[PDB]
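**Q** Handing over run.cif, mmCIF, C-alpha atoms.
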```cif
data_data
loop_
_atom_site.label_atom_id
_atom_site.label_comp_id
_atom_site.auth_asym_id
_atom_site.auth_seq_id
_atom_site.Cartn_x
_atom_site.Cartn_y
_atom_site.Cartn_z
CA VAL A 1 4.64 -7.52 14.10
CA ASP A 2 7.48 -6.14 12.00
CA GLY A 3 5.55 -6.88 8.79
CA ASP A 4 2.86 -4.44 9.89
CA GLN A 5 3.24 -2.12 6.95
CA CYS A 6 -0.54 -1.66 7.16
CA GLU A 7 -0.59 0.24 10.44
CA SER A 8 -1.95 3.64 9.42
CA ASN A 9 -2.99 2.88 5.78
CA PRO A 10 0.22 4.35 4.25
CA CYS A 11 -1.29 4.23 0.75
CA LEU A 12 -3.14 7.45 -0.32
CA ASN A 13 -6.26 8.43 -2.37
CA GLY A 14 -8.25 5.71 -0.62
CA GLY A 15 -6.28 2.53 -1.30
CA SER A 16 -5.51 -0.62 0.71
CA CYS A 17 -2.24 -1.94 2.14
CA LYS A 18 -1.46 -5.59 1.34
CA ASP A 19 1.61 -7.52 2.60
CA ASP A 20 4.01 -9.72 0.67
CA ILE A 21 6.97 -11.25 2.53
CA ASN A 22 9.09 -8.65 4.35
CA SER A 23 7.81 -5.49 2.71
CA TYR A 24 4.39 -4.40 1.45
CA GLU A 25 2.51 -3.72 -1.72
CA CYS A 26 -0.27 -1.11 -1.97
CA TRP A 27 -3.44 -1.83 -3.87
CA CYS A 28 -4.79 1.30 -5.49
CA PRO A 29 -8.17 1.66 -7.25
CA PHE A 30 -8.26 1.57 -11.05
CA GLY A 31 -6.57 4.82 -12.12
CA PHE A 32 -4.03 5.42 -9.31
CA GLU A 33 -0.34 4.42 -9.13
CA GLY A 34 2.82 4.93 -7.03
CA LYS A 35 4.52 3.24 -4.05
CA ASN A 36 1.84 4.30 -1.60
CA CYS A 37 -0.66 5.28 -4.33
CA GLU A 38 0.38 8.96 -4.59
CA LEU A 39 -0.73 9.53 -8.20
#
```
Could you rewrite the structure in this file as structure tokens?
**A**
Amino acid sequence: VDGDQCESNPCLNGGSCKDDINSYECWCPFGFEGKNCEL
């Protein structure tokens, strides 16, 4: 489980962590952006 980028919900504000291939993608609610939804 090396593609366990959704271990401790890295994304912020109250977003979800989705996986792609090797790395992850965060899914933020409508109005938030960033790598780990920081804005």
**Q** Tell me, as a PDB file with C-alpha atoms, in the frame of the given file, which residues lie within 12 Å of residue 20 of chain A, counting all atoms listed in the file; anything in the same chain fewer than 6 positions away does not count.
**A**
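around19.pdb written:
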```
ATOM      1  CA  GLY A   3       5.550  -6.880   8.790  1.00  0.00           C
ATOM      2  CA  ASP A   4       2.860  -4.440   9.890  1.00  0.00           C
ATOM      3  CA  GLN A   5       3.240  -2.120   6.950  1.00  0.00           C
ATOM      4  CA  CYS A   6      -0.540  -1.660   7.160  1.00  0.00           C
ATOM      5  CA  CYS A  26      -0.270  -1.110  -1.970  1.00  0.00           C
ATOM      6  CA  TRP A  27      -3.440  -1.830  -3.870  1.00  0.00           C
TER       7      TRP A  27
END
```
**Q** Could you tell me how far atom CA of residue 32 of chain A lies from atom CA of residue 1 of chain A, in Å and to one decimal?
**A** 28.1 Å
**Q** Calculate how many Å separate atom CA of residue 28 of chain A from atom CA of residue 11 of chain A, rounding to one decimal.
**A**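 Between atom CA of residue 28 of chain A and atom CA of residue 11 of chain A the gap works out to 7.7 Å.
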**Q** Would you compute the distance between atom CA of residue 31 of chain A and atom CA of residue 16 of chain A? Give it in Å to one decimal.
**A**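 Separation between atom CA of residue 31 of chain A and atom CA of residue 16 of chain A: 14.0 Å.
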**Q** Contacts of residue 2 of chain A at 12 Å or less, counting only C-alpha atoms, minus same-chain residues fewer than 5 places along, as a list in words?
**A** residues 7, 19, 21, 22, 23 and 24 of chain A
**Q** Name the residues that the PyMOL selection byres ((chain A and resi 13) around 9) picks from the file above, as a list in words, using the file's chain letters and numbers.
**A**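 Checking the PyMOL selection byres ((chain A and resi 13) around 9) against this file, the residues are residues 11, 12, 14, 15, 28, 29, 32, 37, 38 and 39 of chain A.
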